>>> print(open('protein15.cif').read())   # mmCIF, C-alpha atoms and all ligand atoms
data_model
loop_
_atom_site.label_atom_id
_atom_site.label_comp_id
_atom_site.auth_asym_id
_atom_site.auth_seq_id
_atom_site.Cartn_x
_atom_site.Cartn_y
_atom_site.Cartn_z
CA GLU A 4 -32.14 -0.86 -8.89
CA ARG A 5 -31.08 0.45 -5.44
CA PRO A 6 -31.23 -2.19 -2.69
CA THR A 7 -33.45 -1.58 0.34
CA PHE A 8 -31.46 -0.69 3.43
CA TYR A 9 -32.20 -1.31 7.11
CA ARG A 10 -30.54 0.15 10.20
CA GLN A 11 -29.52 -1.17 13.57
CA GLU A 12 -27.17 -0.03 16.31
CA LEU A 13 -24.23 -2.15 17.29
CA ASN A 14 -21.79 -0.74 19.85
CA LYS A 15 -22.99 2.89 19.60
CA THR A 16 -22.75 2.87 15.82
CA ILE A 17 -25.73 2.92 13.48
CA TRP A 18 -25.08 0.65 10.53
CA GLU A 19 -27.29 0.95 7.47
CA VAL A 20 -26.75 -1.95 5.09
CA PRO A 21 -28.66 -3.56 2.15
CA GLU A 22 -31.11 -6.33 3.10
CA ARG A 23 -28.71 -8.71 1.42
CA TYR A 24 -26.62 -8.71 4.60
CA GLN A 25 -28.11 -10.31 7.69
CA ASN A 26 -27.09 -11.41 11.18
CA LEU A 27 -24.64 -8.51 11.70
CA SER A 28 -22.31 -9.34 14.50
CA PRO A 29 -19.39 -7.15 15.78
CA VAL A 30 -15.93 -8.71 15.62
CA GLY A 31 -13.61 -5.69 15.91
CA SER A 32 -13.16 -1.89 15.87
CA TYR A 35 -9.83 3.24 10.54
CA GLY A 36 -13.29 1.62 11.16
CA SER A 37 -15.44 -1.05 12.83
CA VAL A 38 -16.09 -4.58 11.53
CA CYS A 39 -19.12 -6.91 11.68
CA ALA A 40 -19.30 -10.50 10.51
CA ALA A 41 -22.51 -11.03 8.53
CA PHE A 42 -24.26 -13.41 6.27
CA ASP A 43 -24.66 -12.45 2.64
CA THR A 44 -28.00 -13.99 1.55
CA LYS A 45 -27.42 -13.23 -2.14
CA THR A 46 -24.30 -15.44 -2.33
CA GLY A 47 -24.54 -17.81 0.61
CA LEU A 48 -21.19 -16.44 1.87
CA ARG A 49 -20.26 -15.29 5.39
CA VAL A 50 -18.70 -11.84 5.04
CA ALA A 51 -16.87 -9.17 6.97
CA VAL A 52 -18.41 -5.71 6.66
CA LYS A 53 -16.25 -2.67 7.53
CA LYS A 54 -17.88 0.68 8.25
CA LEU A 55 -15.31 3.47 7.81
CA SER A 56 -15.03 5.85 10.78
CA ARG A 57 -15.90 9.51 10.07
CA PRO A 58 -14.71 9.08 6.44
CA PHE A 59 -15.14 12.74 5.32
CA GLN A 60 -14.89 14.76 8.54
CA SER A 61 -11.41 16.06 7.70
CA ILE A 62 -9.14 16.18 4.66
CA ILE A 63 -6.97 13.44 6.04
CA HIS A 64 -9.94 11.08 6.79
CA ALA A 65 -11.22 11.76 3.21
CA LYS A 66 -7.75 11.08 1.81
CA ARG A 67 -7.46 7.85 3.82
CA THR A 68 -10.92 6.79 2.71
CA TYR A 69 -10.05 7.29 -0.94
CA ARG A 70 -6.73 5.39 -0.56
CA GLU A 71 -8.32 2.42 1.15
CA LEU A 72 -11.23 2.16 -1.32
CA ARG A 73 -8.98 2.54 -4.39
CA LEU A 74 -6.33 0.10 -3.06
CA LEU A 75 -8.90 -2.54 -2.18
CA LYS A 76 -10.63 -2.16 -5.60
CA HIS A 77 -7.34 -2.84 -7.31
CA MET A 78 -6.30 -5.89 -5.26
CA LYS A 79 -7.58 -8.99 -7.08
CA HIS A 80 -5.68 -12.01 -5.88
CA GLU A 81 -6.44 -15.10 -3.87
CA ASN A 82 -3.96 -14.32 -1.08
CA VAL A 83 -4.62 -10.57 -0.72
CA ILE A 84 -7.74 -8.99 0.77
CA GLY A 85 -10.16 -7.69 -1.87
CA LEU A 86 -13.68 -6.40 -2.15
CA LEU A 87 -16.91 -8.33 -2.61
CA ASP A 88 -18.96 -5.14 -2.35
CA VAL A 89 -18.80 -1.46 -1.46
CA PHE A 90 -21.90 0.52 -0.49
CA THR A 91 -23.31 3.73 0.94
CA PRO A 92 -26.96 4.28 2.00
CA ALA A 93 -26.58 7.76 0.46
CA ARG A 94 -28.59 8.30 -2.76
CA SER A 95 -26.49 11.24 -4.03
CA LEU A 96 -23.16 13.02 -3.62
CA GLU A 97 -24.86 15.64 -1.43
CA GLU A 98 -26.00 13.00 1.14
CA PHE A 99 -22.78 10.84 0.88
CA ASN A 100 -21.43 10.49 4.43
CA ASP A 101 -20.68 6.81 5.06
CA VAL A 102 -18.77 4.06 3.31
CA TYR A 103 -18.96 0.32 3.95
CA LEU A 104 -16.62 -2.30 2.52
CA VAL A 105 -17.45 -6.02 2.18
CA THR A 106 -15.03 -8.93 1.88
CA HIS A 107 -14.94 -12.72 2.47
CA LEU A 108 -15.09 -13.54 6.21
CA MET A 109 -11.89 -15.42 6.99
CA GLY A 110 -12.73 -15.55 10.72
CA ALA A 111 -9.23 -15.81 12.13
CA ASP A 112 -5.73 -14.46 11.81
CA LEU A 113 -2.33 -16.02 12.16
CA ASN A 114 -2.12 -16.06 16.05
CA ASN A 115 -5.60 -17.79 16.14
CA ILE A 116 -4.73 -20.70 13.87
CA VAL A 117 -1.20 -20.92 15.34
CA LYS A 118 -1.66 -20.56 19.19
CA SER A 119 2.08 -20.40 19.90
CA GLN A 120 2.29 -24.13 19.13
CA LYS A 121 4.57 -25.27 16.39
CA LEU A 122 3.07 -26.31 13.07
CA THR A 123 4.12 -29.24 10.89
CA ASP A 124 6.63 -28.45 8.16
CA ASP A 125 3.96 -29.15 5.53
CA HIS A 126 1.60 -26.69 7.11
CA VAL A 127 4.36 -24.04 7.56
CA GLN A 128 5.17 -24.59 3.84
CA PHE A 129 1.59 -23.96 2.77
CA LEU A 130 1.17 -20.83 4.90
CA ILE A 131 4.45 -19.20 3.88
CA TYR A 132 3.88 -20.15 0.22
CA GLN A 133 0.57 -18.23 0.28
CA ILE A 134 2.11 -15.16 2.00
CA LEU A 135 4.87 -15.08 -0.61
CA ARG A 136 2.35 -15.57 -3.44
CA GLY A 137 0.33 -12.58 -2.15
CA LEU A 138 3.52 -10.50 -1.61
CA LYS A 139 4.76 -11.20 -5.16
CA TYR A 140 1.47 -9.73 -6.34
CA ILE A 141 1.60 -6.68 -4.01
CA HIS A 142 5.21 -6.03 -4.80
CA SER A 143 4.57 -6.28 -8.57
CA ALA A 144 2.18 -3.33 -8.17
CA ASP A 145 5.04 -1.31 -6.60
CA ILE A 146 3.50 -1.44 -3.16
CA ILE A 147 5.42 -2.13 0.01
CA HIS A 148 3.34 -3.45 2.91
CA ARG A 149 5.75 -2.33 5.67
CA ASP A 150 3.73 -3.79 8.59
CA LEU A 151 3.50 -7.47 7.78
CA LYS A 152 2.69 -9.38 10.96
CA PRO A 153 0.44 -12.24 12.22
CA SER A 154 -2.58 -9.93 12.87
CA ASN A 155 -2.30 -8.67 9.25
CA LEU A 156 -2.78 -12.16 7.85
CA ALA A 157 -6.35 -13.48 7.81
CA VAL A 158 -6.66 -17.27 7.61
CA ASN A 159 -9.74 -19.51 7.37
CA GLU A 160 -10.01 -22.95 8.94
CA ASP A 161 -8.62 -24.76 5.89
CA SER A 162 -5.49 -22.59 6.34
CA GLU A 163 -6.28 -20.44 3.29
CA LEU A 164 -4.54 -17.07 3.86
CA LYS A 165 -4.99 -13.43 2.80
CA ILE A 166 -2.70 -10.52 3.48
CA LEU A 167 -4.63 -7.56 5.02
CA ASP A 168 -3.98 -3.83 4.65
CA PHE A 169 -4.95 -3.35 8.30
CA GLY A 170 -5.86 -6.08 10.77
CA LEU A 171 -8.12 -6.27 13.80
CA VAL A 183 1.97 -9.62 20.71
CA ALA A 184 4.18 -6.62 19.75
CA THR A 185 4.08 -5.37 16.15
CA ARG A 186 7.72 -4.34 16.43
CA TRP A 187 8.59 -7.99 16.62
CA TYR A 188 8.19 -8.49 12.86
CA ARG A 189 9.59 -5.15 11.63
CA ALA A 190 12.73 -4.97 9.47
CA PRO A 191 15.77 -3.42 11.21
CA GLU A 192 15.86 -0.46 8.77
CA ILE A 193 12.28 0.41 9.69
CA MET A 194 13.17 0.26 13.38
CA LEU A 195 15.89 2.86 12.59
CA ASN A 196 13.74 5.19 10.42
CA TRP A 197 15.72 4.75 7.18
CA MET A 198 13.62 6.53 4.65
CA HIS A 199 14.67 4.69 1.56
CA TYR A 200 13.12 1.15 1.82
CA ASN A 201 13.36 -1.96 -0.34
CA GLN A 202 10.36 -4.28 -0.95
CA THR A 203 12.39 -6.85 0.99
CA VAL A 204 11.41 -5.15 4.25
CA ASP A 205 8.35 -7.37 3.79
CA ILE A 206 10.60 -10.39 3.28
CA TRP A 207 12.24 -9.83 6.70
CA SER A 208 8.72 -9.99 8.17
CA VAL A 209 8.02 -13.26 6.41
CA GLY A 210 11.30 -14.74 7.85
CA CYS A 211 10.18 -13.71 11.36
CA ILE A 212 6.72 -15.31 10.95
CA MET A 213 8.15 -18.48 9.43
CA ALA A 214 10.69 -18.91 12.25
CA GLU A 215 7.83 -18.61 14.76
CA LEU A 216 5.58 -21.09 12.96
CA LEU A 217 8.37 -23.67 12.91
CA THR A 218 9.60 -23.27 16.51
CA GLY A 219 6.48 -22.09 18.28
CA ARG A 220 8.56 -19.13 19.62
CA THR A 221 8.89 -15.43 18.62
CA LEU A 222 12.26 -14.92 16.84
CA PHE A 223 12.95 -11.40 18.20
CA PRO A 224 10.78 -10.65 21.21
CA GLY A 225 12.30 -7.29 22.19
CA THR A 226 10.90 -5.60 25.31
CA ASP A 227 11.30 -2.23 23.54
CA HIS A 228 13.02 -0.83 20.41
CA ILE A 229 16.71 -1.10 21.43
CA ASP A 230 16.26 -4.57 22.97
CA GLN A 231 14.73 -5.65 19.70
CA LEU A 232 17.68 -4.33 17.63
CA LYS A 233 20.05 -6.08 20.07
CA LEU A 234 18.24 -9.41 19.58
CA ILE A 235 18.40 -8.95 15.82
CA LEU A 236 22.12 -8.15 15.82
CA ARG A 237 22.77 -11.19 17.98
CA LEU A 238 21.30 -13.52 15.35
CA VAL A 239 22.38 -11.86 12.10
CA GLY A 240 25.65 -10.33 13.33
CA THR A 241 26.79 -6.72 13.29
CA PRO A 242 27.00 -5.03 9.81
CA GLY A 243 29.95 -6.08 7.60
CA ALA A 244 32.22 -3.77 5.57
CA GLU A 245 29.96 -3.78 2.46
CA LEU A 246 26.88 -2.78 4.48
CA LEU A 247 28.67 -0.06 6.46
CA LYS A 248 29.66 1.57 3.14
CA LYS A 249 25.94 1.97 2.37
CA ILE A 250 25.20 4.13 5.47
CA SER A 251 24.56 7.79 4.54
CA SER A 252 24.18 9.19 8.09
CA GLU A 253 27.57 10.00 9.54
CA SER A 254 26.27 9.61 13.10
CA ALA A 255 24.73 6.19 12.33
CA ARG A 256 27.95 5.04 10.54
CA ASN A 257 30.05 6.21 13.52
CA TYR A 258 27.77 4.61 16.09
CA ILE A 259 27.77 1.23 14.30
CA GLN A 260 31.58 1.21 13.98
CA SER A 261 31.82 1.94 17.69
CA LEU A 262 30.07 -1.41 18.37
CA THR A 263 31.80 -4.66 19.28
CA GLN A 264 31.78 -6.84 16.20
CA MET A 265 29.52 -9.91 16.55
CA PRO A 266 29.36 -12.89 14.20
CA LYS A 267 26.27 -14.03 12.35
CA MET A 268 24.91 -17.20 13.96
CA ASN A 269 24.55 -20.48 12.10
CA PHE A 270 20.75 -20.90 11.67
CA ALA A 271 21.14 -24.71 11.90
CA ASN A 272 22.16 -24.15 15.54
CA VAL A 273 19.19 -21.84 16.07
CA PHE A 274 16.52 -23.97 14.33
CA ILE A 275 17.41 -27.42 15.61
CA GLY A 276 15.88 -30.21 13.58
CA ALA A 277 13.99 -28.08 11.05
CA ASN A 278 13.84 -29.06 7.41
CA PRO A 279 17.20 -28.08 5.99
CA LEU A 280 15.37 -26.34 3.13
CA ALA A 281 13.49 -24.21 5.72
CA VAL A 282 16.81 -23.34 7.31
CA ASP A 283 18.26 -22.43 3.92
CA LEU A 284 15.32 -20.13 3.10
CA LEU A 285 15.43 -18.33 6.50
CA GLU A 286 19.15 -17.53 5.92
CA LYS A 287 18.14 -15.84 2.63
CA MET A 288 15.27 -13.94 4.23
CA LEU A 289 16.92 -12.80 7.39
CA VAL A 290 19.95 -11.00 6.05
CA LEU A 291 20.73 -7.64 7.49
CA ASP A 292 21.56 -5.95 4.17
CA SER A 293 18.14 -5.53 2.54
CA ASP A 294 19.71 -5.57 -0.93
CA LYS A 295 20.81 -9.16 -0.30
CA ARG A 296 17.50 -10.52 0.92
CA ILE A 297 15.62 -12.93 -1.34
CA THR A 298 12.63 -11.36 -3.26
CA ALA A 299 9.06 -12.76 -3.13
CA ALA A 300 9.31 -14.18 -6.72
CA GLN A 301 12.71 -15.79 -5.96
CA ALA A 302 11.47 -17.37 -2.71
CA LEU A 303 8.47 -18.90 -4.46
CA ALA A 304 10.88 -20.88 -6.69
CA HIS A 305 12.90 -22.09 -3.64
CA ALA A 306 12.85 -25.92 -3.23
CA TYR A 307 11.15 -25.60 0.17
CA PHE A 308 7.90 -24.99 -1.75
CA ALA A 309 8.25 -27.82 -4.27
CA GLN A 310 4.80 -29.34 -3.47
CA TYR A 311 3.02 -26.01 -3.96
CA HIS A 312 4.99 -23.96 -6.49
CA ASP A 313 3.20 -23.40 -9.79
CA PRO A 314 4.98 -20.85 -11.91
CA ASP A 315 1.89 -20.55 -14.15
CA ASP A 316 -0.38 -19.67 -11.20
CA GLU A 317 1.58 -16.98 -9.40
CA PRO A 318 -0.04 -13.85 -10.93
CA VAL A 319 1.25 -10.33 -10.98
CA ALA A 320 -0.60 -6.99 -10.68
CA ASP A 321 -1.04 -3.93 -12.87
CA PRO A 322 1.37 -1.20 -11.67
CA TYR A 323 -0.54 0.88 -9.17
CA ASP A 324 -0.70 4.68 -9.55
CA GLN A 325 0.13 5.68 -5.98
CA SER A 326 0.38 9.37 -7.06
CA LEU A 327 -3.43 9.88 -7.15
CA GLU A 328 -3.86 9.08 -3.44
CA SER A 329 -0.91 11.26 -2.43
CA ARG A 330 -2.55 14.51 -3.66
CA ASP A 331 -3.43 17.63 -1.62
CA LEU A 332 -7.12 18.16 -2.38
CA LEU A 333 -10.09 19.77 -0.66
CA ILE A 334 -12.51 17.51 1.36
CA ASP A 335 -15.21 17.88 -1.27
CA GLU A 336 -12.76 16.83 -4.01
CA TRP A 337 -11.71 13.67 -2.12
CA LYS A 338 -15.37 13.04 -1.21
CA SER A 339 -16.49 13.28 -4.84
CA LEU A 340 -13.64 11.06 -6.07
CA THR A 341 -14.52 8.44 -3.42
CA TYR A 342 -18.14 8.68 -4.52
CA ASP A 343 -17.20 7.91 -8.14
CA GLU A 344 -15.20 4.87 -6.91
CA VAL A 345 -18.31 3.54 -5.11
CA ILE A 346 -20.40 3.96 -8.28
CA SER A 347 -17.82 2.47 -10.62
CA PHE A 348 -17.49 -0.71 -8.50
CA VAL A 349 -18.18 -3.99 -10.22
CA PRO A 350 -18.39 -7.04 -7.93
CA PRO A 351 -16.09 -9.98 -8.77
CA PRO A 352 -17.25 -13.19 -10.55
CA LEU A 353 -19.28 -15.31 -8.10
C1 LIG O 401 -10.27 -14.20 17.14
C2 LIG O 401 -9.59 -13.17 16.20
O1 LIG O 401 -10.40 -12.95 15.00
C3 LIG O 401 -9.77 -12.55 13.85
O2 LIG O 401 -8.54 -12.38 13.82
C4 LIG O 401 -10.61 -12.26 12.61
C5 LIG O 401 -10.16 -11.99 11.31
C6 LIG O 401 -8.72 -11.94 10.80
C7 LIG O 401 -11.28 -11.76 10.55
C8 LIG O 401 -11.33 -11.43 9.07
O3 LIG O 401 -11.84 -12.24 8.31
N1 LIG O 401 -10.85 -10.26 8.59
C9 LIG O 401 -10.24 -9.23 9.45
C10 LIG O 401 -10.93 -7.88 9.23
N2 LIG O 401 -11.08 -7.59 7.78
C11 LIG O 401 -11.98 -6.44 7.73
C12 LIG O 401 -12.19 -5.88 6.31
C13 LIG O 401 -11.10 -5.48 5.53
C14 LIG O 401 -11.33 -4.96 4.24
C15 LIG O 401 -12.63 -4.82 3.74
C16 LIG O 401 -13.71 -5.22 4.54
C17 LIG O 401 -13.49 -5.75 5.82
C18 LIG O 401 -11.71 -8.69 7.02
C19 LIG O 401 -10.93 -9.97 7.15
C20 LIG O 401 -12.37 -11.89 11.40
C21 LIG O 401 -13.83 -11.73 11.04
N3 LIG O 401 -11.94 -12.18 12.62
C22 LIG O 401 -12.83 -12.40 13.77
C23 LIG O 401 -12.97 -11.13 14.66
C1 LIG O 402 -4.01 -5.06 0.76
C2 LIG O 402 -2.49 -5.07 0.59
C3 LIG O 402 -1.95 -3.64 0.60
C4 LIG O 402 -0.79 -3.51 1.57
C5 LIG O 402 -0.25 -2.09 1.62
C6 LIG O 402 -1.25 -1.17 2.30
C7 LIG O 402 -0.89 -1.01 3.78
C8 LIG O 402 -0.84 0.49 4.08
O1 LIG O 402 0.15 0.62 5.07
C9 LIG O 402 1.28 1.46 4.66
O2 LIG O 402 1.05 2.84 4.97
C10 LIG O 402 2.38 3.34 5.36
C11 LIG O 402 2.13 4.60 6.22
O3 LIG O 402 1.39 4.16 7.38
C12 LIG O 402 3.31 3.41 4.11
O4 LIG O 402 4.64 3.79 4.51
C13 LIG O 402 3.32 2.03 3.39
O5 LIG O 402 4.01 2.05 2.13
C14 LIG O 402 1.87 1.52 3.23
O6 LIG O 402 1.86 0.25 2.59
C1 LIG O 403 21.87 -1.83 13.60
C2 LIG O 403 22.37 -1.50 12.19
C3 LIG O 403 21.96 -2.59 11.21
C4 LIG O 403 20.65 -2.25 10.51
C5 LIG O 403 20.97 -1.97 9.05
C6 LIG O 403 19.81 -2.37 8.15
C7 LIG O 403 20.35 -2.63 6.76
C8 LIG O 403 19.22 -2.66 5.73
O1 LIG O 403 19.86 -2.79 4.46
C9 LIG O 403 19.86 -1.54 3.79
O2 LIG O 403 18.51 -1.18 3.55
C10 LIG O 403 18.50 0.22 3.22
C11 LIG O 403 17.11 0.75 3.65
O3 LIG O 403 16.12 0.25 2.79
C12 LIG O 403 18.99 0.28 1.75
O4 LIG O 403 19.05 1.64 1.32
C13 LIG O 403 20.39 -0.36 1.64
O5 LIG O 403 20.69 -0.61 0.27
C14 LIG O 403 20.51 -1.67 2.42
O6 LIG O 403 21.87 -1.95 2.65
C1 LIG O 404 22.08 3.64 14.12
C2 LIG O 404 21.12 4.16 15.21
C3 LIG O 404 21.88 4.70 16.42
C4 LIG O 404 21.03 4.45 17.64
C5 LIG O 404 21.81 4.70 18.91
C6 LIG O 404 21.15 3.94 20.05
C7 LIG O 404 22.00 4.05 21.30
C8 LIG O 404 21.30 3.39 22.48
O1 LIG O 404 22.31 3.09 23.45
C9 LIG O 404 22.06 1.83 24.12
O2 LIG O 404 20.63 1.59 24.44
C10 LIG O 404 20.27 0.79 25.65
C11 LIG O 404 19.70 1.73 26.75
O3 LIG O 404 18.37 2.16 26.41
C12 LIG O 404 21.34 -0.15 26.27
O4 LIG O 404 21.10 -1.52 25.90
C13 LIG O 404 22.80 0.25 25.93
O5 LIG O 404 23.64 0.08 27.09
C14 LIG O 404 22.87 1.70 25.43
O6 LIG O 404 24.22 2.13 25.26
#
>>> encode(input="protein15.cif", output="structure tokens")
Amino acid sequence: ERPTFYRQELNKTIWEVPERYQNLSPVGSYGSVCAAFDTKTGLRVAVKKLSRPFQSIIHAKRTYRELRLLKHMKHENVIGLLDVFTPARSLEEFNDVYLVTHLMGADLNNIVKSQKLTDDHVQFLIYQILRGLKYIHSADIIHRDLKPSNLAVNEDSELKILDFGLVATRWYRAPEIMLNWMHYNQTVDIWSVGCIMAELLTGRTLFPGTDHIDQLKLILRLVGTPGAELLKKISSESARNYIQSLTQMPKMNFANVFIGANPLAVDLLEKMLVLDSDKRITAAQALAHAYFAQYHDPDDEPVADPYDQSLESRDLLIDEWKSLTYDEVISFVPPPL
């Protein structure tokens, strides 16, 4: 049986939602987000109304990708769906899509505040990010924009990685993404984790570049200029030649950079923040690192089904994408709760 819907404007947008969801309150604005109370479960929830989901091919395509991705993500440390709804009663009237998930209420800046965290707390937060990333990476997905705003956290420090979130974003990006390499390893996400971890431990941004080149300079100053093995892996002649033209600079000792940190934390940052992405520690490897001894449970670090990215990278008409998104709404089964 179809739920009864009600409407109300919030910030120039009409939202029509099932009666289930009450006390809609804007928090941010791909789409706009209201906190809300789900009366059926007793849970506070975030409700996201997609923006103009089927007005162009590319909005339709994006809509389908987000819905399908979120339906497939079922893991404690990755954002997933509690509900998906449309007021529409048929394909012909299908114009709006709303996604529901657990309200976390905060992201990593909010909990953190630029103050340094205890080692135990840093351990717990990074452990959860890695646990989520193992899962994402097992599905052959690369996040590529891991940063503090893309990590939702509740007040008990429980964390979920977000597709898109609600402090420069460049600050956490892997060097190869700053230079537009088009082949990427999953360990681009591991670089981002090293950056976040450093910050949590020291209370300061690791690489706070004022712009792109300043950022690459700050990176090279910590990790050193590329060695002989790395230089051999550069396809672009102009890049190769530029890099060789640079004054060699040694890698810094991270003990001198992270004074007084847990030596296990220092050891793990050295394995995350290596310039050559082939040499960076993987999510699964990092989870087994001794830094996480109080949290690591090799029987509770689940892995995903491979994810068919080819279906969302098609070139289809709006009405095809719209109909496919419609079937995903209908086929949705809410999770055990
Ligand atoms: C003070 C800064 O406040 C915050 O950072 C903050 C965060 C991170 C959250 C939160 O829990 N999110 C972020 C947005 N997705 C939307 C969504 C994604 C997918 C499906 C459905 C909805 C849900 C998880 C909230 C409510 N806030 C308060 C605005
Ligand atoms: C919920 C966890 C899913 C994380 C991955 C989804 C984030 C989508 O953001 C990214 O879009 C980029 C283009 O902007 C692509 O290059 C990336 O591979 C893709 O992950
Ligand atoms: C300023 C020059 C230093 C930046 C070099 C970044 C090195 C990243 O490392 C490189 O990642 C590539 C992109 O995914 C991979 O193809 C290579 O195997 C790996 O060596
Ligand atoms: C491998 C990618 C090659 C990128 C070449 C970047 C060259 C930028 O060049 C540098 O940029 C800055 C000025 O904006 C200054 O810090 C330096 O003096 C300047 O030489």
>>> residues_near_ligand(input="protein15.cif", ligand="ligand LIG 401 (chain O)", cutoff="6 Å", atoms="all atoms listed in the file", output="mmCIF file with C-alpha atoms, in the coordinates of the input")
data_model
loop_
_atom_site.group_PDB
_atom_site.id
_atom_site.type_symbol
_atom_site.label_atom_id
_atom_site.label_comp_id
_atom_site.auth_asym_id
_atom_site.auth_seq_id
_atom_site.Cartn_x
_atom_site.Cartn_y
_atom_site.Cartn_z
ATOM 1 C CA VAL A 30 -15.930 -8.710 15.620
ATOM 2 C CA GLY A 31 -13.610 -5.690 15.910
ATOM 3 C CA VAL A 38 -16.090 -4.580 11.530
ATOM 4 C CA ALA A 40 -19.300 -10.500 10.510
ATOM 5 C CA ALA A 51 -16.870 -9.170 6.970
ATOM 6 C CA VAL A 52 -18.410 -5.710 6.660
ATOM 7 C CA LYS A 53 -16.250 -2.670 7.530
ATOM 8 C CA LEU A 104 -16.620 -2.300 2.520
ATOM 9 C CA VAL A 105 -17.450 -6.020 2.180
ATOM 10 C CA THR A 106 -15.030 -8.930 1.880
ATOM 11 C CA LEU A 108 -15.090 -13.540 6.210
ATOM 12 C CA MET A 109 -11.890 -15.420 6.990
ATOM 13 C CA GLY A 110 -12.730 -15.550 10.720
ATOM 14 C CA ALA A 111 -9.230 -15.810 12.130
ATOM 15 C CA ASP A 112 -5.730 -14.460 11.810
ATOM 16 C CA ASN A 115 -5.600 -17.790 16.140
ATOM 17 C CA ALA A 157 -6.350 -13.480 7.810
ATOM 18 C CA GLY A 170 -5.860 -6.080 10.770
ATOM 19 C CA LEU A 171 -8.120 -6.270 13.800
#
>>> residues_near_ligand(input="protein15.cif", ligand="ligand LIG 402 (chain O)", cutoff="6 Å", atoms="only C-alpha atoms and all ligand atoms", output="PyMOL selection string")
chain A and resi 83-84+147-149+167-168
>>> atom_distance(input="protein15.cif", atom1="atom CA of residue 130 of chain A", atom2="atom CA of residue 287 of chain A")
17.8 Å
>>> closest_residue(input="protein15.cif", among="A:230, A:313, A:344, A:160", to="ligand LIG 404 (chain O)", atoms="only C-alpha atoms and all ligand atoms")
A:230
>>> closest_atom_pairs(input="protein15.cif", of="chain A", to="ligand LIG 404 (chain O)", cutoff="10 Å", atoms="all atoms listed in the file", output="JSON lines")
{"residue": "A:191", "atom": "CA", "partner": "O:LIG404", "partner_atom": "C1", "distance": 9.9}
{"residue": "A:192", "atom": "CA", "partner": "O:LIG404", "partner_atom": "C1", "distance": 9.2}
{"residue": "A:194", "atom": "CA", "partner": "O:LIG404", "partner_atom": "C2", "distance": 9.0}
{"residue": "A:195", "atom": "CA", "partner": "O:LIG404", "partner_atom": "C2", "distance": 6.0}
{"residue": "A:196", "atom": "CA", "partner": "O:LIG404", "partner_atom": "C2", "distance": 8.9}
{"residue": "A:197", "atom": "CA", "partner": "O:LIG404", "partner_atom": "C1", "distance": 9.5}
{"residue": "A:227", "atom": "CA", "partner": "O:LIG404", "partner_atom": "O3", "distance": 8.8}
{"residue": "A:228", "atom": "CA", "partner": "O:LIG404", "partner_atom": "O3", "distance": 8.6}
{"residue": "A:229", "atom": "CA", "partner": "O:LIG404", "partner_atom": "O2", "distance": 5.6}
{"residue": "A:230", "atom": "CA", "partner": "O:LIG404", "partner_atom": "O4", "distance": 6.4}
{"residue": "A:231", "atom": "CA", "partner": "O:LIG404", "partner_atom": "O4", "distance": 9.8}
{"residue": "A:232", "atom": "CA", "partner": "O:LIG404", "partner_atom": "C6", "distance": 9.3}
{"residue": "A:233", "atom": "CA", "partner": "O:LIG404", "partner_atom": "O4", "distance": 7.5}
{"residue": "A:250", "atom": "CA", "partner": "O:LIG404", "partner_atom": "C1", "distance": 9.2}
{"residue": "A:252", "atom": "CA", "partner": "O:LIG404", "partner_atom": "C1", "distance": 8.5}
{"residue": "A:253", "atom": "CA", "partner": "O:LIG404", "partner_atom": "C1", "distance": 9.6}
{"residue": "A:254", "atom": "CA", "partner": "O:LIG404", "partner_atom": "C1", "distance": 7.4}
{"residue": "A:255", "atom": "CA", "partner": "O:LIG404", "partner_atom": "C1", "distance": 4.1}
{"residue": "A:256", "atom": "CA", "partner": "O:LIG404", "partner_atom": "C1", "distance": 7.0}
{"residue": "A:257", "atom": "CA", "partner": "O:LIG404", "partner_atom": "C1", "distance": 8.4}
{"residue": "A:258", "atom": "CA", "partner": "O:LIG404", "partner_atom": "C3", "distance": 5.9}
{"residue": "A:259", "atom": "CA", "partner": "O:LIG404", "partner_atom": "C1", "distance": 6.2}
{"residue": "A:260", "atom": "CA", "partner": "O:LIG404", "partner_atom": "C1", "distance": 9.8}
{"residue": "A:262", "atom": "CA", "partner": "O:LIG404", "partner_atom": "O6", "distance": 9.7}
>>> residues_near_point(input="protein15.cif", point="(-26.5, -9.8, 13.7)", cutoff="9 Å", atoms="only C-alpha atoms", output="PyMOL selection string")
chain A and resi 13+25-29+39-42
>>> atom_distance(input="protein15.cif", atom1="atom CA of residue 162 of chain A", atom2="atom CA of residue 124 of chain A")
13.6 Å
>>> axis_aligned_box(input="protein15.cif", around="segment 107-122 of chain A", padding_each_side="6 Å", output="JSON")
{"center_x": -5.3, "center_y": -19.5, "center_z": 11.2, "size_x": 31.7, "size_y": 25.6, "size_z": 29.4}
>>> residues_near_ligand(input="protein15.cif", ligand="ligand LIG 403 (chain O)", cutoff="6 Å", atoms="only C-alpha atoms and all ligand atoms", output="ChimeraX atom specification")
/A:191-192,197,199-201,242,246,249,291-294
>>> atom_distance(input="protein15.cif", atom1="atom CA of residue 66 of chain A", atom2="atom CA of residue 100 of chain A")
13.9 Å
>>> closest_residue(input="protein15.cif", among="A:78, A:138, A:247, A:102", to="residue 20 of chain A", atoms="only C-alpha atoms")
A:102
>>> residues_near_point(input="protein15.cif", point="(2.2, -17.4, -9.3)", cutoff="12 Å", atoms="all atoms listed in the file", output="PyMOL selection string")
chain A and resi 80-82+132-141+143+299-304+311-320
>>> closest_residue(input="protein15.cif", among="A:63, A:184, A:309, A:297", to="residue 150 of chain A", atoms="only C-alpha atoms")
A:184
>>> residues_around(input="protein15.cif", residues="residue 266 of chain A", least_positions_apart="4", cutoff="8 Å", atoms="all atoms listed in the file", output="JSON, numbers by chain")
{"A": [237, 239, 240, 241]}
